[PDB]
Amino acid sequence: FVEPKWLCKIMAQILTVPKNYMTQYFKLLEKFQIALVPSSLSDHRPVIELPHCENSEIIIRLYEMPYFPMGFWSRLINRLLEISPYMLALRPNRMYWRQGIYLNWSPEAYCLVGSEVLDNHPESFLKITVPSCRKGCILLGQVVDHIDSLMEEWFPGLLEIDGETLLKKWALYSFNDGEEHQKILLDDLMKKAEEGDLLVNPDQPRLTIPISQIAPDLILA
Amino acid sequence: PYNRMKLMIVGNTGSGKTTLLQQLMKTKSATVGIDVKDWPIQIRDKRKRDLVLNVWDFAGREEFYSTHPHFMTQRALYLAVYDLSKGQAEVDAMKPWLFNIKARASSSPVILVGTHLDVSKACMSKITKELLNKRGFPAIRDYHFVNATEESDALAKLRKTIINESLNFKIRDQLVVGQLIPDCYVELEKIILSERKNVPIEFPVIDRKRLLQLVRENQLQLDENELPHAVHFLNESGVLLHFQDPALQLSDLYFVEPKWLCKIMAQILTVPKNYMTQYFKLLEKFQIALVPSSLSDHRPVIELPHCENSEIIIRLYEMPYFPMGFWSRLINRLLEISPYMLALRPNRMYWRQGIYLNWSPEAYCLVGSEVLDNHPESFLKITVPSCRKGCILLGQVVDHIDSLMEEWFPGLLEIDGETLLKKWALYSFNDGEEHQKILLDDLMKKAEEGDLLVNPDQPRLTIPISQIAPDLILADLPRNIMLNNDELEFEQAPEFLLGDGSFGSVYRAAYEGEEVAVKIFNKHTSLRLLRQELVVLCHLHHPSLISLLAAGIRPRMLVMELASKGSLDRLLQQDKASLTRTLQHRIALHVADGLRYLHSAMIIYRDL
Ligand SMILES: Nc1nc2c(ncn2[C@@H]2O[C@H](COP(=O)(O)OP(=O)(O)O)[C@@H](O)[C@H]2O)c(=O)[nH]1
């Protein structure tokens, strides 16, 4: 491509609205994350009455960054596009929107990567709701790998220590048997540093939760 | 004679409604709720029939709409105002109001009224004389182009026309404004209007015990059994609102001054701790509760797993416009009330125009609006997988939708006659690989029950009627139950083979080498009651219950096991000697076992 201003103008043309290379046209259009158009996707989360509630049967993993990166979500969505199957075949139900994906195989084999805002917090989050089953843990592993890959490959500035790192990965757990609420949050690096045992315990040692049901990518589950 | 008829001012936002009302009554800010009033009319003719029209100035704003169909009754005269200032367009913009009147109160007269004559476009009279006359619409009986905010001869003629059309209501020659009622009814009416004053303005509700003390204190001779029918008639007349159904706890609370109730319920849309539980219950009874309205109106992109045409089932539903408050009722009706199995919670993605439950990649369901190009109508596409569990979901959903239509909006089923509601089915004789799914009306396919297949002009290709409409052919139930008519030995005509006297229409026939009892459910009715009894009897499987063998469509019949010795009634009458102590106890034990299993399934065998 010579005179790149022409290329970039022509590629940005179709956003506000040579038949030989039309296939290459669409290929590079996908290489620009334009193709279905990921942008202009109504910006509105649809209400999702998930089957499983409680705290015991699910796994959360927040991702705290001040603002979402410039072109993050399109890259992520286009990366998770059928590239994370629970098994090693079947097409999963998908509900795309500009801030989430929510694949769905079965009532116990789903996955939902979607933005979420918390009150009194000007930061941004990337809540990842995943069932506690085995296939759940598999999906969680694949998704965390793909996201960390995008971060290390596209936006390096959000990983290098200065130093709050500008990107803090949390994990959500409930020592209150799941029936109660207000899931306590634990930074990921600390739990990684708690590999000495295979359990986590609060000040009151009577209650104890395995590190497999909070982070099955750290413990090899 | 009872001189009281409901007047209802429907209309579109921004028009003249509350001011038009305030000028008809001469009782010299947006509307929230419905603003119930009542103005009396002293007839100046010799027959001075003093009547009271209670007006219901419906608010035009779109967010309230899902509560509007609840207060549209048959015994009512509807005004409809359409703001002539924005001429030639608002007349078309008030078509949904007319269609919803026709959907709810089919045979109620309507009086078009054109406000804003002060400014400007009177050629809207042309379109309202050609387009809005008789195109599946609720029989417009007059036009009026009147100013508001200023009494005039146009206002005078308009008001006189309201009164004239009021008296000449006569549904099937009834003369509603002058029908006869028992004295106790009008007595109860008077004591309610007096009790309107002596009640907390902040909480105008009254108690059934307080009502009982009221009717005891006065000369009302109404009995306890005579109360429900009485207060129900008062409800129809728009005096006090009540809901005697036991599903709600409101059968002890009688709402007086209904304008307060409706305003308070519509309050929370634009944004007494003892009855907060009943508050939420009736809030659900108003389809407010999660709030079904204000749900972003935007379909989310759904990349369904299965494409093609062979592995899926579509079923369009064509109506000109969606009814007034349809979608809220439907969503709230399908709320977890259609499980694939007889346990598991399905994934759901609610939005104002769809539900899309989801169990498994082959066990989903999606009921959602869809527009087609070059088609100003509306559609209710229902995508369902071709698997067995799919067909089960399809059956339940069609039943629930048809139930809503027959129970809420009767005007969309009665033939005139295009029926204003045409159910399609989508099929592809091109092996599914190709496209442009041909559409076939449902009534036509129902008439094609003679065979079990459908075939085009080219007879080489042929598609079963089970994979296009598994509710017509009895495949939506589990455990396919067709009777394999080759092996049946039934003769319907003779009274020689009746089961016995007074068993309905149960005949005695031989099937699969065994004598069986078959009920001919065939009549003018549809497959509704047949399938209803079929899903009940589909999964019981108990010894003390009559076991089902097969069901049929040509003609509609139910094939069940045959009781050789006849009913117990005959043995009690004819042969009292056959019954001994041990036999009587065994009969009692078996019936008790049957009732136990039934109540374990939470089923009420009402009569025994
Ligand atoms: N000049 C003029 N104004 C009108 C006429 N009819 C209604 N309006 C205006 O419309 C307003 C009333 O709107 P309203 O019916 O209450 O709206 P709604 O409550 O949503 O039905 C008043 O403020 C009037 O000024 C009319 O014939 N002429």
# chains A, B, ... in the order shown; residues from 1 in each chain; ligands from 1

$ residues_near_ligand --ligand "ligand 1" --cutoff "9 Å" --atoms "only C-alpha atoms and all ligand atoms" --output "ChimeraX atom specification"
/B:9-21,29-32,57-61,83-85,114-119,146-150

$ write_last_selection --atoms "N, CA and C atoms" --output "compact mmCIF listing (two decimals), in the first residue's frame"
# COMPACT_ATOMS: atom_id res chain seq x y z
N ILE B 9 -61.54 8.76 27.13
CA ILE B 9 -60.87 9.66 26.21
C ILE B 9 -59.49 9.08 25.92
N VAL B 10 -59.40 8.22 24.91
CA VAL B 10 -58.10 7.80 24.42
C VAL B 10 -57.51 8.90 23.54
N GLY B 11 -56.22 8.80 23.27
CA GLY B 11 -55.57 9.80 22.44
C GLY B 11 -54.07 9.66 22.49
N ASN B 12 -53.42 10.51 21.71
CA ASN B 12 -51.97 10.47 21.53
C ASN B 12 -51.35 11.67 22.23
N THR B 13 -50.08 11.53 22.61
CA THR B 13 -49.44 12.52 23.47
C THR B 13 -49.42 13.89 22.80
N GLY B 14 -49.52 14.93 23.62
CA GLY B 14 -49.42 16.29 23.16
C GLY B 14 -50.69 16.85 22.58
N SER B 15 -51.75 16.06 22.51
CA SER B 15 -52.99 16.50 21.87
C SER B 15 -53.81 17.27 22.89
N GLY B 16 -55.07 17.55 22.56
CA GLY B 16 -55.94 18.14 23.55
C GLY B 16 -56.87 17.12 24.16
N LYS B 17 -56.66 16.80 25.44
CA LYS B 17 -57.46 15.77 26.08
C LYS B 17 -58.00 16.30 27.40
N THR B 18 -57.11 16.59 28.35
CA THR B 18 -57.57 17.08 29.64
C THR B 18 -58.25 18.43 29.50
N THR B 19 -57.78 19.26 28.57
CA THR B 19 -58.42 20.54 28.33
C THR B 19 -59.74 20.37 27.59
N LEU B 20 -59.82 19.40 26.67
CA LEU B 20 -61.09 19.11 26.02
C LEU B 20 -62.11 18.60 27.03
N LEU B 21 -61.67 17.76 27.96
CA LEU B 21 -62.53 17.32 29.05
C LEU B 21 -62.98 18.50 29.90
N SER B 29 -50.03 21.09 31.93
CA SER B 29 -49.56 20.04 32.82
C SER B 29 -49.93 18.67 32.28
N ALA B 30 -48.92 17.81 32.11
CA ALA B 30 -49.11 16.49 31.53
C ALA B 30 -49.97 15.61 32.45
N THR B 31 -50.36 14.46 31.92
CA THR B 31 -51.25 13.54 32.61
C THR B 31 -50.47 12.33 33.10
N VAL B 32 -50.72 11.94 34.35
CA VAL B 32 -50.09 10.77 34.95
C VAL B 32 -51.20 9.85 35.42
N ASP B 57 -59.72 9.86 31.27
CA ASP B 57 -58.82 10.62 30.39
C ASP B 57 -57.47 9.92 30.32
N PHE B 58 -57.38 8.93 29.44
CA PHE B 58 -56.15 8.15 29.28
C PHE B 58 -54.96 9.05 28.94
N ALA B 59 -53.86 8.86 29.65
CA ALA B 59 -52.64 9.60 29.36
C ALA B 59 -52.00 9.07 28.09
N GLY B 60 -51.48 9.97 27.27
CA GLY B 60 -50.99 9.58 25.96
C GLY B 60 -49.57 9.06 25.93
N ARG B 61 -48.79 9.33 26.98
CA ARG B 61 -47.36 9.03 26.97
C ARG B 61 -47.12 7.53 26.85
N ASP B 83 -55.38 16.08 17.21
CA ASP B 83 -54.52 17.26 17.04
C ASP B 83 -54.36 17.65 15.57
N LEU B 84 -55.46 18.15 14.99
CA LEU B 84 -55.50 18.57 13.59
C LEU B 84 -54.37 19.50 13.16
N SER B 85 -53.68 20.15 14.11
CA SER B 85 -52.60 21.08 13.77
C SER B 85 -51.51 20.38 12.97
N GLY B 114 -61.27 16.30 16.36
CA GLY B 114 -60.06 16.98 15.91
C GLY B 114 -59.80 18.28 16.64
N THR B 115 -58.88 18.26 17.60
CA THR B 115 -58.56 19.46 18.35
C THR B 115 -57.75 20.43 17.49
N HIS B 116 -57.38 21.56 18.09
CA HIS B 116 -56.44 22.52 17.50
C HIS B 116 -56.92 23.07 16.16
N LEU B 117 -58.23 23.20 15.97
CA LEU B 117 -58.76 23.85 14.78
C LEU B 117 -58.35 25.32 14.69
N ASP B 118 -57.90 25.91 15.80
CA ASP B 118 -57.52 27.32 15.81
C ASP B 118 -56.41 27.61 14.80
N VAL B 119 -55.38 26.77 14.78
CA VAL B 119 -54.24 26.94 13.89
C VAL B 119 -54.42 26.03 12.68
N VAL B 146 -63.14 20.29 16.34
CA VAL B 146 -63.52 21.27 17.34
C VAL B 146 -62.29 21.96 17.89
N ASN B 147 -62.46 23.23 18.25
CA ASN B 147 -61.45 23.93 19.01
C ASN B 147 -61.50 23.45 20.46
N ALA B 148 -60.48 23.81 21.24
CA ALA B 148 -60.49 23.60 22.67
C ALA B 148 -60.31 24.95 23.36
N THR B 149 -60.36 24.93 24.70
CA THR B 149 -60.11 26.07 25.58
C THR B 149 -61.10 27.22 25.38
N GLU B 150 -62.12 27.05 24.54
CA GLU B 150 -63.05 28.14 24.25
C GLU B 150 -64.38 27.54 23.82

$ select_by_dssp --residues "stretch 33-163 of chain A" --states "alpha helix (DSSP H)" --output "ChimeraX atom specification"
/A:72-79,134-153

$ write_last_selection --atoms "N, CA and C atoms" --output "tab-separated table (two decimals), in the first residue's frame"
chain	number	residue	atom	x	y	z
A	72	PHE	N	-10.05	-1.59	22.80
A	72	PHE	CA	-9.90	-2.88	23.45
A	72	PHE	C	-11.01	-3.84	23.03
A	73	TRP	N	-12.27	-3.45	23.28
A	73	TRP	CA	-13.37	-4.41	23.29
A	73	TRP	C	-13.58	-5.06	21.93
A	74	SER	N	-13.40	-4.31	20.84
A	74	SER	CA	-13.50	-4.91	19.51
A	74	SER	C	-12.48	-6.02	19.33
A	75	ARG	N	-11.22	-5.75	19.70
A	75	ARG	CA	-10.17	-6.76	19.61
A	75	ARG	C	-10.52	-7.98	20.45
A	76	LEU	N	-10.98	-7.76	21.68
A	76	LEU	CA	-11.31	-8.89	22.55
A	76	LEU	C	-12.42	-9.73	21.96
A	77	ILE	N	-13.55	-9.09	21.62
A	77	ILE	CA	-14.69	-9.80	21.04
A	77	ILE	C	-14.27	-10.59	19.81
A	78	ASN	N	-13.57	-9.93	18.88
A	78	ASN	CA	-13.12	-10.61	17.67
A	78	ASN	C	-12.12	-11.72	17.99
A	79	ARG	N	-11.46	-11.66	19.15
A	79	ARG	CA	-10.53	-12.72	19.53
A	79	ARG	C	-11.26	-13.91	20.13
A	134	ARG	N	-16.40	-28.19	35.89
A	134	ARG	CA	-15.11	-28.38	35.23
A	134	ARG	C	-15.01	-27.56	33.95
A	135	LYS	N	-15.97	-27.74	33.04
A	135	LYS	CA	-16.01	-26.98	31.79
A	135	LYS	C	-15.96	-25.48	32.05
A	136	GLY	N	-16.58	-25.04	33.14
A	136	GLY	CA	-16.44	-23.66	33.56
A	136	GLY	C	-14.98	-23.27	33.76
A	137	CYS	N	-14.26	-24.04	34.57
A	137	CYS	CA	-12.85	-23.77	34.82
A	137	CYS	C	-12.05	-23.76	33.53
A	138	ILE	N	-12.38	-24.65	32.59
A	138	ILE	CA	-11.70	-24.68	31.30
A	138	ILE	C	-11.90	-23.36	30.57
A	139	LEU	N	-13.16	-22.91	30.48
A	139	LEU	CA	-13.46	-21.64	29.82
A	139	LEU	C	-12.76	-20.48	30.50
A	140	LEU	N	-12.75	-20.47	31.84
A	140	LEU	CA	-12.09	-19.41	32.58
A	140	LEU	C	-10.60	-19.36	32.25
A	141	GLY	N	-9.96	-20.53	32.21
A	141	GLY	CA	-8.55	-20.58	31.83
A	141	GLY	C	-8.31	-19.99	30.46
A	142	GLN	N	-9.08	-20.45	29.47
A	142	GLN	CA	-8.89	-19.98	28.10
A	142	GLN	C	-9.11	-18.47	27.99
A	143	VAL	N	-10.12	-17.96	28.69
A	143	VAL	CA	-10.45	-16.54	28.58
A	143	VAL	C	-9.37	-15.69	29.23
A	144	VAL	N	-8.89	-16.09	30.41
A	144	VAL	CA	-7.82	-15.34	31.07
A	144	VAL	C	-6.56	-15.36	30.22
A	145	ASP	N	-6.26	-16.51	29.59
A	145	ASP	CA	-5.11	-16.57	28.69
A	145	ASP	C	-5.26	-15.60	27.53
A	146	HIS	N	-6.43	-15.59	26.89
A	146	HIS	CA	-6.62	-14.73	25.73
A	146	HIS	C	-6.56	-13.25	26.11
A	147	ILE	N	-7.10	-12.90	27.28
A	147	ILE	CA	-7.09	-11.50	27.70
A	147	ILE	C	-5.68	-11.05	28.05
A	148	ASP	N	-4.96	-11.86	28.85
A	148	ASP	CA	-3.57	-11.55	29.15
A	148	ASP	C	-2.72	-11.49	27.89
A	149	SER	N	-3.02	-12.33	26.89
A	149	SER	CA	-2.31	-12.27	25.62
A	149	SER	C	-2.55	-10.95	24.92
A	150	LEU	N	-3.81	-10.52	24.86
A	150	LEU	CA	-4.13	-9.23	24.25
A	150	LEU	C	-3.43	-8.09	24.99
A	151	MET	N	-3.35	-8.19	26.31
A	151	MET	CA	-2.74	-7.10	27.08
A	151	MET	C	-1.23	-7.06	26.88
A	152	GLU	N	-0.59	-8.23	26.85
A	152	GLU	CA	0.85	-8.27	26.66
A	152	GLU	C	1.25	-7.99	25.22
A	153	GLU	N	0.32	-8.16	24.27
A	153	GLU	CA	0.63	-8.02	22.86
A	153	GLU	C	0.18	-6.69	22.27

$ interface_residues --of "chain B" --to "chain A" --cutoff "7 Å" --atoms "only C-alpha atoms" --output "ChimeraX atom specification"
/B:296,298,300-305,345-351,359-361

$ write_last_selection --atoms "N, CA, C and O atoms" --output "compact mmCIF listing (two decimals), in the first residue's frame"
# COMPACT_ATOMS: atom_id res chain seq x y z
N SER B 296 -34.85 -0.94 26.79
CA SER B 296 -33.81 -0.56 25.83
C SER B 296 -34.19 -0.78 24.37
O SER B 296 -33.47 -0.32 23.48
N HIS B 298 -33.83 -2.51 22.04
CA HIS B 298 -32.79 -2.85 21.07
C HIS B 298 -32.52 -4.35 21.17
O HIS B 298 -32.06 -4.83 22.21
N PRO B 300 -30.48 -7.54 20.98
CA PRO B 300 -29.05 -7.84 20.99
C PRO B 300 -28.73 -8.90 19.94
O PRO B 300 -29.54 -9.79 19.67
N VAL B 301 -27.57 -8.74 19.30
CA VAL B 301 -27.17 -9.66 18.24
C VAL B 301 -27.07 -11.06 18.81
O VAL B 301 -26.39 -11.29 19.81
N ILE B 302 -27.76 -12.01 18.18
CA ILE B 302 -27.81 -13.39 18.66
C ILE B 302 -27.37 -14.30 17.52
O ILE B 302 -28.15 -14.60 16.62
N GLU B 303 -26.11 -14.73 17.56
CA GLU B 303 -25.58 -15.67 16.58
C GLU B 303 -26.03 -17.06 17.01
O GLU B 303 -25.35 -17.74 17.78
N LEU B 304 -27.21 -17.46 16.53
CA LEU B 304 -27.77 -18.74 16.90
C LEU B 304 -26.87 -19.87 16.41
O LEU B 304 -26.19 -19.72 15.39
N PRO B 305 -26.81 -21.01 17.13
CA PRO B 305 -25.91 -22.09 16.71
C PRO B 305 -26.30 -22.69 15.37
O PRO B 305 -25.47 -22.88 14.48
N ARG B 345 -32.97 -24.39 35.56
CA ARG B 345 -33.23 -23.00 35.21
C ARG B 345 -32.61 -22.69 33.85
O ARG B 345 -31.43 -22.99 33.63
N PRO B 346 -33.37 -22.13 32.92
CA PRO B 346 -32.82 -21.80 31.60
C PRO B 346 -32.25 -20.40 31.54
O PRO B 346 -32.67 -19.48 32.25
N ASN B 347 -31.26 -20.24 30.67
CA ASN B 347 -30.68 -18.93 30.41
C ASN B 347 -31.68 -18.07 29.66
O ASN B 347 -32.29 -18.53 28.68
N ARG B 348 -31.85 -16.83 30.10
CA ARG B 348 -32.86 -15.94 29.53
C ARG B 348 -32.25 -14.58 29.24
O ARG B 348 -31.41 -14.09 30.01
N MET B 349 -32.65 -13.97 28.13
CA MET B 349 -32.20 -12.64 27.74
C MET B 349 -33.43 -11.80 27.42
O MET B 349 -33.80 -11.65 26.25
N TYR B 350 -34.04 -11.22 28.45
CA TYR B 350 -35.22 -10.41 28.24
C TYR B 350 -34.89 -9.13 27.48
O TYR B 350 -33.80 -8.57 27.61
N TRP B 351 -35.85 -8.68 26.68
CA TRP B 351 -35.87 -7.34 26.11
C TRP B 351 -37.29 -7.08 25.64
O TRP B 351 -38.07 -8.01 25.46
N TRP B 359 -31.83 -23.54 27.02
CA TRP B 359 -31.36 -24.66 27.83
C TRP B 359 -30.05 -25.22 27.28
O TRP B 359 -29.04 -25.26 27.98
N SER B 360 -30.06 -25.64 26.02
CA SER B 360 -28.99 -26.41 25.42
C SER B 360 -28.89 -25.97 23.97
O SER B 360 -29.77 -25.26 23.48
N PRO B 361 -27.82 -26.35 23.25
CA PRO B 361 -27.73 -25.92 21.85
C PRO B 361 -28.84 -26.48 20.97
O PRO B 361 -29.06 -25.94 19.88

$ closest_residue --among "B:390, B:292, B:138, B:258" --to "residue B:476" --atoms "only C-alpha atoms"
B:390

$ residues_around --residues "stretch 172-177 of chain A" --least-positions-apart "2" --cutoff "7 Å" --atoms "only C-alpha atoms" --output "ChimeraX atom specification"
/A:55,60-61,170,179-180,183-186,207-209,214

$ closest_residue --among "B:382, B:330, B:24, B:262" --to "residue B:370" --atoms "only C-alpha atoms"
B:382

$ closest_residue --among "A:58, A:10, A:37, A:211" --to "residue A:132" --atoms "only C-alpha atoms"
A:58

$ residues_around --residues "residue A:191" --least-positions-apart "2" --cutoff "12 Å" --atoms "only C-alpha atoms" --output "list in words"
residues 169, 170, 171, 172, 173, 185, 186, 187, 188, 189, 193, 194, 195, 196, 197, 198, 199, 200, 201, 210, 211, 212, 214, 215, 216, 217, 218 and 219 of chain A
